[PDB]
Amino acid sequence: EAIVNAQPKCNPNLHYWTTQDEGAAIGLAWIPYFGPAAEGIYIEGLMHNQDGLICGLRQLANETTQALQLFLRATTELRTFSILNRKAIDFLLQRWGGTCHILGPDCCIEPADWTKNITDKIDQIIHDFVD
């Protein structure tokens, strides 16, 4: 599906915050005893609406809510951390969960370079045929 922003307004710029899971630490700052407190672990960035991505993202988060709320209603887990890992698993199962039939629409195997090896070795058998 396509994303149709149907919101009263859109802030076209995204002033965002996040963490860093392997920031190149200076000296001993990676040690919890010496490192920053909870308030000082964030990095910031600013992103503009190139390709309409910011206004599309605001609509995407809005449209995601019904499915996410229904998922949360049905889980017994108090805090859910596994959504992204499960989507990665489903990504793999969609492609590799069964037998990969080469040249099929659901098998992501490209034999082209090895077509240009098998067809490129016919002139080692049909060329070499002197008698």
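The numbering used is simple: start at 1 and walk along the sequence shown. Here, rigid core means the biggest group of C-alpha atoms that superpose within 1.5 Å across both forms.
- Superposing on the core and measuring CA offsets in 5 other deposited structures of this protein, the stretch of 23-31 and 36-44 with the greater mean deviation is 23-31.
- Per the PDB record, of the two stretches 117-125 and 17-25, 117-125 carries the greater mean B-factor over its C-alpha atoms.
- Between 86-94 and 26-34, the higher mean Cα B-factor belongs to 26-34.
- Among 105, 56, 40, 45, the highest C-alpha B-factor recorded in the PDB entry belongs to 105.
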